[PDB]
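Undergrad: This is the structure I want to talk about, given as structure tokens.
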Amino acid sequence: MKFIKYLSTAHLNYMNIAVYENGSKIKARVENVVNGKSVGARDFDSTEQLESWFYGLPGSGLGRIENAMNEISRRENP
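Numbering follows the deposited numbering, in which position 72 of the sequence shown is assigned residue number 72; successive positions increment by one, without gaps.
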């Protein structure tokens, strides 16, 4: 169920964001690899907004990792 591609462009210092979706509803969990500790948790509803989120940010590729993660990580973690 929880199987999504990474959210990055280039490759520098192992920059990538692993996402995960639920079979029931849409889920967006920004998991980093650089630090080795997933720092992202969010709850979505429609897949449309899911992509739109990572598509439009002021960041670019690897740069979107510091912006997106910083956003999805806004809320506390489990």
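Just so you know, even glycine gets a beta-carbon here, dropped at the ideal spot from N, CA and C.
Would you identify the three-state DSSP class for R64, choosing helix, strand or coil?
TA: It is helical.
Undergrad: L12 and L62: beta carbons closer than 8 Å?
TA: Yes, these two residues count as a Cβ contact at 8 Å.
Undergrad: Once DSSP output is grouped into helix, strand and coil, what is the label at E31?
TA: Strand at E31.
Undergrad: Tell me where the alpha helix (DSSP H) around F54 begins and ends.
TA: Start and end: 47-54.
Undergrad: Flag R29 as yes when its Cβ comes closer than 7 Å to any non-hydrogen atom of the ligand MG, and as no otherwise.
TA: The ligand content of the structure shown is nil, which means the ligand MG is not present either.
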